Each structure stands twice: as C-alpha cells, then as structure tokens.
Amino acid sequence: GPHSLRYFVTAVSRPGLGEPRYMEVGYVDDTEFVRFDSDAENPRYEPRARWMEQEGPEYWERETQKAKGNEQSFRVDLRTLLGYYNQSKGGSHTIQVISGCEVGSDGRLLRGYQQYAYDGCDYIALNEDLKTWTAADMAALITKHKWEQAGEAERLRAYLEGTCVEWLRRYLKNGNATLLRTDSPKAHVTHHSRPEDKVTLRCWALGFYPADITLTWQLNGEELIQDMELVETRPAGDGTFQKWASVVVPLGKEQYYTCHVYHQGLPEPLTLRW
Amino acid sequence: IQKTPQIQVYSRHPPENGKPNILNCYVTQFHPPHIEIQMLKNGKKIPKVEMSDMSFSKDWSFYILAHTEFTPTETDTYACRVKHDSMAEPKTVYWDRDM
Amino acid sequence: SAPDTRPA
Ligand SMILES: *[C@@H]1O[C@H](CO[C@@H]2O[C@@H](C)[C@@H](O)[C@@H](O)[C@@H]2O)[C@@H](O[C@@H]2O[C@H](CO)[C@@H](O)[C@H](O)[C@H]2NC(C)=O)[C@H](O)[C@H]1NC(C)=O
Ligand SMILES: *[C@@H]1O[C@H](CO)[C@@H](O)[C@H](O)[C@H]1NC(C)=O
C-alpha cells in the first residue's frame, strides 16, 4: 500500500534560559526512525529504528550537520517573527513544521507537503501544486513574498519529488521486515457497571500494525458511531498500536451488542461480544 | 493558544502478575510544548522511562509517549504525573488494570 | 533525509 516519510520539527525559544530548543523527529509511516534534540549533551542525529543501523557514518554526520544548520535557521525565524508580530523578547514562542512525502505501492509520488505554524496556529503552507504558498496572516504574507522572490517553492518541490521520495524508497527497502509487516489485532471486551441499570462495554484492539484500524459497535446490524466513546489509536511502546471504543448499554441486553474490528491483518473482520 | 494535555495510561499486554509488560503514558493534545512527565511506581518516580513518538496533530497540538518495561504485581500501583502551564497544579492519572 | 529549511 502507500507509505509516507514525515519530519516533525519544533523550535521553542526560552528567554533567559539560553538558546531555543530544537527538535526533529522523523517517521516512515507510523514508526519513529530518527531524531535530533538540541538539548542532548552532544546533539547528533540518532537512529530510532533498528534497521537504520544500515546507514553508514557519513549518513549520521551529514544529517547532524544539516540539523545544526536548520537549528540556526529557526533561531533566526524566532527572532524574525517577534518582529513581524511586534512581540516582546521575554516570552516563549514556538515554530512547528511538518514536511513529508507519500508514495503509492509502486514507489511513485502521491503527494508532498510542508506546513508551518507559529504558537500553534497556521502560519504558511505549500499548496498541493507544490508551486505556491498559502499564508494564514499578514506576517506569513511577508514570508510568502520573500520565498517567492528567492524561488523557495522550486527548491522545496525538488526536495519533495526527488530527495524525499528516493530516501523513502530506500528506508522502505532497508527496513522492509519492520515496515512492511502486518501484526494482527487481538481483541477483547471489558464490562463495567454504572448507575441506573446501565453498563459500559469497552472493546479493546491490541498489538497491531500498521496503526490504521476501525473499531465499531453494532446493534441489530447498525453501527453506533454517534453513541461510541473512544481514544485515538496510540503507540504501545514496542512499535505496535492499540485502541478502544466503548458504548453504554442497558443492563441485561449486553449480548445484543457486537464489536467489529477491521484491519490489514484481519482477512475477515473480528466480531466480539461480552 | 493553550491546550490542556490528555493523559492516558495503559499497558502493552493485558496485565498478568509476574509477567513482563510495558507501561505507557501517552500525553496528547497539548500546547505549549514545554511539559514535565513522570511515571510513578507506588508513589516513587521510575528511573528508566523512555520518551518517544513525539509528533503533532493537524491542529498543531503535541503528542508524546512515555514508556517503561515493568512486571505487574497485585499490590503495585502505577501512575503518570504531568505538569503543564495549562494546569495550575500537576495532574496524576493512575493505571486502571481493569479498564 | 529531512529537508534543509531557511529563514522566514
Ligand atoms: C526483506 O528484504 C530482504 C532483502 O534484503 C533487502 O535488500 C537488501 C539490498 C538490503 O537493503 C536489505 O537491508 C533489505 O532487507 C529479504 O531477504 C532476502 O529474502 C530472499 C527470499 O525472499 C532470499 O533469497 C535472500 O537471500 C534474502 N536476502 C537477505 C537480505 O538476506 C527478506 O526476506 C525481506 N523480509 C521480509 C520477510 O519482508
Ligand atoms: C508594538 O506594540 C507596542 C506596545 O507593546 C506599541 O507601542 C507599538 O505601536 C506596536 N508596534 C506596531 C507598529 O504596531
């Protein structure tokens, strides 16, 4: 199926405490595989997935130097945005960037993207065309004009269609045993009493990969999505994910509800009852 | 913009006393990024805690996972304590083995 | 490999 390469970058200033903290975290699909943290003793790009041991010393040195260069660029941006927004030098501010590309099963580009945020709000983003930018406010409009005059879109497009895609294919090839695997969900239902002759039925899906999954509760053959409570799919600490979805039902009528689990690792969806 | 972190505590495998497991504290939907996350065993901070899976959603709120290997006991209690600017006081969420 | 970012 399709796969993605994403980098989550965060720069946070801290007036009075020295230089801003700078972090870069990379993911291939839903798996963290590399990380850079300026607050580490000796900041360096580091592998976060076992298969990255396949990259030689040059890779780590190159990514580390690039990260330090990016860190310096963001230090400048934090200062620049204080000016654009006419803010004080004593407050903490955050810049966030998500950059990435997605390819189909054949390794060809599906889409690329790069979006910026300042203090948790949209700042500027590359449009789907990979040619123009969309600015959220007048400060971002200044940036948009600067980048157009410098031809930044063309440079970024080259990265997205070329560098990003090519590295993603390489990571998928080297880490195939991990990234192309399928771990089937194991499910179970828990029961909890409530006041007013009602019960909470919670359906759990554990140890699966990839992260995409669908959990629904049914009654009489119809789904109860609007009556369900749930948590966003979440990492379980070992590279797998988990999720739960619950519904409140009448005491004594539990046997009438069924949990359905759909996943890449389930040739036939699972159907469970309490 | 200030979003209060959602704190979720859970194990990798259904808890079975004496059997190795992984305890997770997923802290999500928060902003600003500065945060303090501590995992506790019987009220005492756990030392080996690994931080991973830092990302942010479409609305830019932050997500991060704290996890540690552990072997559950019938009497041991576990919790996750979080300090963040959106909250006046630290917040502790206990592991509910029967959830 | 992450992209190189430049000043806004
Ligand atoms: C994963 O792929 C390997 C092939 O190796 C990949 O390509 C290399 C150039 C290098 O980049 C590796 O890190 C990559 O993992 C598969 O191993 C081969 O399997 C075939 C049979 O299917 C066998 O004849 C070859 O001798 C194997 N070669 C190796 C690398 O030992 C491996 O099976 C794949 N894993 C799964 C199950 O997805
Ligand atoms: C910036 O804010 C200060 C007050 O904090 C104000 O005096 C000044 O006019 C502002 N700058 C502009 C050009 O809006």
# chains A, B, ... in the order shown; residues from 1 in each chain; ligands from 1
>>> residues_near_ligand(ligand="ligand 1", cutoff="12 Å", atoms="only C-alpha atoms and all ligand atoms", output="list in words")
residues 50, 51, 52, 53, 54, 55, 169, 170, 171, 172, 173, 174, 175, 176, 177, 178, 179, 180, 181 and 182 of chain A
>>> write_last_selection(atoms="N, CA, C and O atoms", output="PDB file, in the first residue's frame")
ATOM      1  N   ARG A  50      15.679   0.009  14.542  1.00  0.00           N
ATOM      2  CA  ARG A  50      16.798  -0.910  14.347  1.00  0.00           C
ATOM      3  C   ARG A  50      17.379  -0.972  12.941  1.00  0.00           C
ATOM      4  O   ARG A  50      18.598  -1.024  12.777  1.00  0.00           O
ATOM      5  N   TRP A  51      16.526  -0.961  11.925  1.00  0.00           N
ATOM      6  CA  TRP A  51      17.026  -1.046  10.558  1.00  0.00           C
ATOM      7  C   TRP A  51      17.880   0.138  10.107  1.00  0.00           C
ATOM      8  O   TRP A  51      18.536   0.063   9.073  1.00  0.00           O
ATOM      9  N   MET A  52      17.880   1.232  10.865  1.00  0.00           N
ATOM     10  CA  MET A  52      18.692   2.375  10.470  1.00  0.00           C
ATOM     11  C   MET A  52      20.172   2.125  10.736  1.00  0.00           C
ATOM     12  O   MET A  52      21.019   2.967  10.447  1.00  0.00           O
ATOM     13  N   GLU A  53      20.480   0.956  11.281  1.00  0.00           N
ATOM     14  CA  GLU A  53      21.867   0.584  11.536  1.00  0.00           C
ATOM     15  C   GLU A  53      22.504   0.357  10.171  1.00  0.00           C
ATOM     16  O   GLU A  53      23.727   0.284  10.047  1.00  0.00           O
ATOM     17  N   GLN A  54      21.663   0.244   9.145  1.00  0.00           N
ATOM     18  CA  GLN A  54      22.141   0.012   7.790  1.00  0.00           C
ATOM     19  C   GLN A  54      22.760   1.246   7.136  1.00  0.00           C
ATOM     20  O   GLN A  54      23.356   1.146   6.066  1.00  0.00           O
ATOM     21  N   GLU A  55      22.619   2.406   7.770  1.00  0.00           N
ATOM     22  CA  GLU A  55      23.217   3.627   7.230  1.00  0.00           C
ATOM     23  C   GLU A  55      24.616   3.802   7.823  1.00  0.00           C
ATOM     24  O   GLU A  55      24.816   3.643   9.028  1.00  0.00           O
ATOM     25  N   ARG A 169      11.918   5.435  -0.439  1.00  0.00           N
ATOM     26  CA  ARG A 169      12.023   4.117  -1.066  1.00  0.00           C
ATOM     27  C   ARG A 169      13.151   3.314  -0.429  1.00  0.00           C
ATOM     28  O   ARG A 169      13.016   2.113  -0.208  1.00  0.00           O
ATOM     29  N   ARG A 170      14.270   3.982  -0.152  1.00  0.00           N
ATOM     30  CA  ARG A 170      15.420   3.326   0.458  1.00  0.00           C
ATOM     31  C   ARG A 170      15.111   2.850   1.871  1.00  0.00           C
ATOM     32  O   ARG A 170      15.478   1.735   2.247  1.00  0.00           O
ATOM     33  N   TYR A 171      14.433   3.685   2.652  1.00  0.00           N
ATOM     34  CA  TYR A 171      14.099   3.303   4.019  1.00  0.00           C
ATOM     35  C   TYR A 171      13.142   2.115   4.017  1.00  0.00           C
ATOM     36  O   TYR A 171      13.255   1.218   4.853  1.00  0.00           O
ATOM     37  N   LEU A 172      12.197   2.114   3.080  1.00  0.00           N
ATOM     38  CA  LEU A 172      11.234   1.018   2.977  1.00  0.00           C
ATOM     39  C   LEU A 172      11.940  -0.276   2.580  1.00  0.00           C
ATOM     40  O   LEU A 172      11.564  -1.358   3.023  1.00  0.00           O
ATOM     41  N   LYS A 173      12.968  -0.155   1.745  1.00  0.00           N
ATOM     42  CA  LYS A 173      13.726  -1.316   1.307  1.00  0.00           C
ATOM     43  C   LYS A 173      14.575  -1.878   2.446  1.00  0.00           C
ATOM     44  O   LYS A 173      14.540  -3.073   2.719  1.00  0.00           O
ATOM     45  N   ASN A 174      15.329  -1.011   3.111  1.00  0.00           N
ATOM     46  CA  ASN A 174      16.191  -1.438   4.209  1.00  0.00           C
ATOM     47  C   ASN A 174      15.410  -1.931   5.419  1.00  0.00           C
ATOM     48  O   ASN A 174      15.798  -2.908   6.059  1.00  0.00           O
ATOM     49  N   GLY A 175      14.310  -1.256   5.731  1.00  0.00           N
ATOM     50  CA  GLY A 175      13.514  -1.650   6.883  1.00  0.00           C
ATOM     51  C   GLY A 175      12.277  -2.463   6.544  1.00  0.00           C
ATOM     52  O   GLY A 175      11.322  -2.481   7.318  1.00  0.00           O
ATOM     53  N   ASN A 176      12.299  -3.159   5.409  1.00  0.00           N
ATOM     54  CA  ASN A 176      11.150  -3.951   4.970  1.00  0.00           C
ATOM     55  C   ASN A 176      10.566  -4.921   6.003  1.00  0.00           C
ATOM     56  O   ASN A 176       9.346  -5.023   6.135  1.00  0.00           O
ATOM     57  N   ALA A 177      11.421  -5.625   6.736  1.00  0.00           N
ATOM     58  CA  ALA A 177      10.939  -6.594   7.727  1.00  0.00           C
ATOM     59  C   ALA A 177      10.090  -5.950   8.817  1.00  0.00           C
ATOM     60  O   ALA A 177       9.186  -6.581   9.373  1.00  0.00           O
ATOM     61  N   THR A 178      10.390  -4.695   9.122  1.00  0.00           N
ATOM     62  CA  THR A 178       9.673  -3.945  10.144  1.00  0.00           C
ATOM     63  C   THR A 178       8.505  -3.147   9.565  1.00  0.00           C
ATOM     64  O   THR A 178       7.373  -3.229  10.043  1.00  0.00           O
ATOM     65  N   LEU A 179       8.798  -2.387   8.520  1.00  0.00           N
ATOM     66  CA  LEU A 179       7.818  -1.513   7.890  1.00  0.00           C
ATOM     67  C   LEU A 179       6.733  -2.154   7.037  1.00  0.00           C
ATOM     68  O   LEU A 179       5.623  -1.627   6.954  1.00  0.00           O
ATOM     69  N   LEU A 180       7.043  -3.278   6.403  1.00  0.00           N
ATOM     70  CA  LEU A 180       6.063  -3.928   5.543  1.00  0.00           C
ATOM     71  C   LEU A 180       5.355  -5.082   6.227  1.00  0.00           C
ATOM     72  O   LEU A 180       4.620  -5.836   5.588  1.00  0.00           O
ATOM     73  N   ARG A 181       5.567  -5.213   7.531  1.00  0.00           N
ATOM     74  CA  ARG A 181       4.948  -6.292   8.279  1.00  0.00           C
ATOM     75  C   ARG A 181       3.509  -5.958   8.639  1.00  0.00           C
ATOM     76  O   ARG A 181       3.069  -4.807   8.536  1.00  0.00           O
ATOM     77  N   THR A 182       2.783  -6.985   9.057  1.00  0.00           N
ATOM     78  CA  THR A 182       1.409  -6.830   9.494  1.00  0.00           C
ATOM     79  C   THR A 182       1.230  -7.618  10.789  1.00  0.00           C
ATOM     80  O   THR A 182       1.415  -8.834  10.810  1.00  0.00           O
TER      81      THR A 182
END
>>> residues_near_ligand(ligand="ligand 2", cutoff="9 Å", atoms="only C-alpha atoms and all ligand atoms", output="MDAnalysis selection string")
chainID A and resid 83 85:88
>>> write_last_selection(atoms="C-alpha atoms", output="mmCIF file, in the first residue's frame")
data_model
loop_
_atom_site.group_PDB
_atom_site.id
_atom_site.type_symbol
_atom_site.label_atom_id
_atom_site.label_comp_id
_atom_site.auth_asym_id
_atom_site.auth_seq_id
_atom_site.Cartn_x
_atom_site.Cartn_y
_atom_site.Cartn_z
ATOM 1 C CA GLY A 83 9.324 41.481 14.683
ATOM 2 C CA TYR A 85 4.115 40.155 15.183
ATOM 3 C CA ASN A 86 5.614 43.000 17.235
ATOM 4 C CA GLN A 87 6.041 40.818 20.325
ATOM 5 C CA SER A 88 8.289 41.123 23.384
#
>>> closest_atom_pairs(of="chain A", to="chain C", cutoff="9 Å", atoms="only C-alpha atoms", output="tab-separated table")
residue	atom	partner	partner_atom	distance
A:5	CA	C:1	CA	8.8
A:6	CA	C:2	CA	8.2
A:7	CA	C:2	CA	6.5
A:24	CA	C:2	CA	8.6
A:26	CA	C:2	CA	7.8
A:63	CA	C:1	CA	7.2
A:66	CA	C:4	CA	6.7
A:67	CA	C:4	CA	8.0
A:69	CA	C:4	CA	7.8
A:70	CA	C:5	CA	5.6
A:71	CA	C:5	CA	8.8
A:73	CA	C:7	CA	5.5
A:74	CA	C:7	CA	6.8
A:75	CA	C:7	CA	8.9
A:76	CA	C:7	CA	6.5
A:77	CA	C:7	CA	5.6
A:80	CA	C:8	CA	7.3
A:81	CA	C:8	CA	8.0
A:99	CA	C:3	CA	7.7
A:100	CA	C:2	CA	8.4
A:140	CA	C:8	CA	8.2
A:142	CA	C:8	CA	8.2
A:143	CA	C:8	CA	5.1
A:144	CA	C:8	CA	8.2
A:146	CA	C:8	CA	7.4
A:147	CA	C:8	CA	7.7
A:152	CA	C:6	CA	8.8
A:156	CA	C:3	CA	7.8
A:159	CA	C:3	CA	6.7
A:160	CA	C:3	CA	8.4
A:163	CA	C:1	CA	7.4
A:164	CA	C:1	CA	6.6
A:167	CA	C:1	CA	6.3
A:168	CA	C:1	CA	8.3
>>> closest_atom_pairs(of="chain B", to="chain A", cutoff="8 Å", atoms="only C-alpha atoms", output="JSON lines")
{"residue": "B:1", "atom": "CA", "partner": "A:120", "partner_atom": "CA", "distance": 6.5}
{"residue": "B:11", "atom": "CA", "partner": "A:236", "partner_atom": "CA", "distance": 7.2}
{"residue": "B:12", "atom": "CA", "partner": "A:236", "partner_atom": "CA", "distance": 5.3}
{"residue": "B:13", "atom": "CA", "partner": "A:206", "partner_atom": "CA", "distance": 7.5}
{"residue": "B:22", "atom": "CA", "partner": "A:237", "partner_atom": "CA", "distance": 6.7}
{"residue": "B:23", "atom": "CA", "partner": "A:237", "partner_atom": "CA", "distance": 7.8}
{"residue": "B:24", "atom": "CA", "partner": "A:236", "partner_atom": "CA", "distance": 6.5}
{"residue": "B:26", "atom": "CA", "partner": "A:234", "partner_atom": "CA", "distance": 7.6}
{"residue": "B:31", "atom": "CA", "partner": "A:120", "partner_atom": "CA", "distance": 7.1}
{"residue": "B:32", "atom": "CA", "partner": "A:119", "partner_atom": "CA", "distance": 7.5}
{"residue": "B:33", "atom": "CA", "partner": "A:12", "partner_atom": "CA", "distance": 7.8}
{"residue": "B:52", "atom": "CA", "partner": "A:32", "partner_atom": "CA", "distance": 7.9}
{"residue": "B:53", "atom": "CA", "partner": "A:32", "partner_atom": "CA", "distance": 6.2}
{"residue": "B:54", "atom": "CA", "partner": "A:25", "partner_atom": "CA", "distance": 7.1}
{"residue": "B:55", "atom": "CA", "partner": "A:8", "partner_atom": "CA", "distance": 6.1}
{"residue": "B:56", "atom": "CA", "partner": "A:8", "partner_atom": "CA", "distance": 7.4}
{"residue": "B:59", "atom": "CA", "partner": "A:120", "partner_atom": "CA", "distance": 7.4}
{"residue": "B:60", "atom": "CA", "partner": "A:120", "partner_atom": "CA", "distance": 5.4}
{"residue": "B:61", "atom": "CA", "partner": "A:120", "partner_atom": "CA", "distance": 6.9}
{"residue": "B:65", "atom": "CA", "partner": "A:235", "partner_atom": "CA", "distance": 7.5}
{"residue": "B:67", "atom": "CA", "partner": "A:237", "partner_atom": "CA", "distance": 5.9}
{"residue": "B:68", "atom": "CA", "partner": "A:237", "partner_atom": "CA", "distance": 7.8}
{"residue": "B:98", "atom": "CA", "partner": "A:190", "partner_atom": "CA", "distance": 7.8}
{"residue": "B:99", "atom": "CA", "partner": "A:190", "partner_atom": "CA", "distance": 6.9}
>>> write_last_selection(atoms="N, CA and C atoms", output="JSON list (two decimals), in the first residue's frame")
[["chain", "number", "residue", "atom", "x", "y", "z"],
["B", 1, "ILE", "N", -2.96, 30.70, 22.54],
["B", 1, "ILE", "CA", -3.32, 29.27, 22.33],
["B", 1, "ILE", "C", -2.71, 28.38, 23.41],
["B", 11, "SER", "N", -1.11, -0.54, 29.58],
["B", 11, "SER", "CA", -0.04, -1.50, 29.35],
["B", 11, "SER", "C", -0.14, -2.05, 27.93],
["B", 12, "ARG", "N", 0.97, -2.60, 27.45],
["B", 12, "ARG", "CA", 1.03, -3.19, 26.12],
["B", 12, "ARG", "C", 0.20, -4.48, 26.06],
["B", 13, "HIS", "N", 0.34, -5.32, 27.08],
["B", 13, "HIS", "CA", -0.39, -6.58, 27.14],
["B", 13, "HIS", "C", -1.35, -6.57, 28.32],
["B", 22, "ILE", "N", 4.86, -3.68, 29.39],
["B", 22, "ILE", "CA", 5.32, -2.33, 29.11],
["B", 22, "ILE", "C", 4.21, -1.41, 29.57],
["B", 23, "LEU", "N", 4.55, -0.39, 30.35],
["B", 23, "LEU", "CA", 3.56, 0.56, 30.83],
["B", 23, "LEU", "C", 3.74, 1.84, 30.04],
["B", 24, "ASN", "N", 2.64, 2.37, 29.54],
["B", 24, "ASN", "CA", 2.64, 3.58, 28.72],
["B", 24, "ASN", "C", 1.87, 4.74, 29.31],
["B", 26, "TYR", "N", 0.67, 8.11, 27.50],
["B", 26, "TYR", "CA", 0.59, 8.90, 26.28],
["B", 26, "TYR", "C", -0.04, 10.23, 26.65],
["B", 31, "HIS", "N", -0.41, 22.15, 24.32],
["B", 31, "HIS", "CA", 0.31, 23.30, 23.77],
["B", 31, "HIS", "C", 0.28, 24.33, 24.89],
["B", 32, "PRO", "N", 1.40, 25.01, 25.16],
["B", 32, "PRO", "CA", 2.72, 24.91, 24.51],
["B", 32, "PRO", "C", 3.43, 23.57, 24.72],
["B", 33, "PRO", "N", 4.53, 23.35, 23.99],
["B", 33, "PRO", "CA", 5.31, 22.12, 24.06],
["B", 33, "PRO", "C", 6.00, 21.79, 25.39],
["B", 52, "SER", "N", 9.27, 8.83, 23.63],
["B", 52, "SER", "CA", 9.27, 8.56, 22.20],
["B", 52, "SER", "C", 7.98, 9.01, 21.54],
["B", 53, "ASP", "N", 7.90, 8.78, 20.24],
["B", 53, "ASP", "CA", 6.72, 9.12, 19.46],
["B", 53, "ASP", "C", 6.22, 10.55, 19.60],
["B", 54, "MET", "N", 7.13, 11.50, 19.58],
["B", 54, "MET", "CA", 6.73, 12.89, 19.66],
["B", 54, "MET", "C", 6.26, 13.31, 18.27],
["B", 55, "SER", "N", 5.08, 13.91, 18.20],
["B", 55, "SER", "CA", 4.52, 14.38, 16.95],
["B", 55, "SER", "C", 3.49, 15.44, 17.29],
["B", 56, "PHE", "N", 2.82, 15.95, 16.27],
["B", 56, "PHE", "CA", 1.74, 16.89, 16.50],
["B", 56, "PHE", "C", 0.63, 16.63, 15.49],
["B", 59, "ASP", "N", -4.04, 20.10, 14.12],
["B", 59, "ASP", "CA", -4.28, 21.36, 14.80],
["B", 59, "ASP", "C", -3.06, 21.83, 15.59],
["B", 60, "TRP", "N", -1.92, 21.20, 15.29],
["B", 60, "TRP", "CA", -0.63, 21.52, 15.90],
["B", 60, "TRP", "C", -0.40, 21.15, 17.37],
["B", 61, "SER", "N", -1.39, 20.55, 18.02],
["B", 61, "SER", "CA", -1.21, 20.16, 19.41],
["B", 61, "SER", "C", -0.18, 19.03, 19.47],
["B", 65, "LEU", "N", 4.96, 10.05, 23.94],
["B", 65, "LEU", "CA", 4.79, 8.84, 24.72],
["B", 65, "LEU", "C", 5.91, 8.59, 25.71],
["B", 67, "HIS", "N", 7.26, 5.58, 28.19],
["B", 67, "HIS", "CA", 7.03, 4.17, 28.43],
["B", 67, "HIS", "C", 8.18, 3.50, 29.15],
["B", 68, "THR", "N", 7.85, 2.43, 29.85],
["B", 68, "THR", "CA", 8.84, 1.71, 30.62],
["B", 68, "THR", "C", 8.46, 0.24, 30.74],
["B", 98, "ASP", "N", -8.17, -2.78, 35.25],
["B", 98, "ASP", "CA", -9.44, -3.39, 34.84],
["B", 98, "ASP", "C", -10.22, -2.64, 33.77],
["B", 99, "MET", "N", -9.66, -1.55, 33.25],
["B", 99, "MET", "CA", -10.35, -0.77, 32.24],
["B", 99, "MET", "C", -10.76, -1.61, 31.03]]
>>> residues_around(residues="residue 249 of chain A", least_positions_apart="2", cutoff="8 Å", atoms="only C-alpha atoms", output="PyMOL selection string")
chain A and resi 198-201+247+251+253-254
>>> select_by_dssp(residues="segment 89-202 of chain A", states="strand (DSSP E)", output="PyMOL selection string")
chain A and resi 94-103+109-118+121-126+133-135+186-194+198-202
>>> atom_distance(atom1="atom CA of residue 230 of chain A", atom2="atom CA of residue 252 of chain A")
22.7 Å
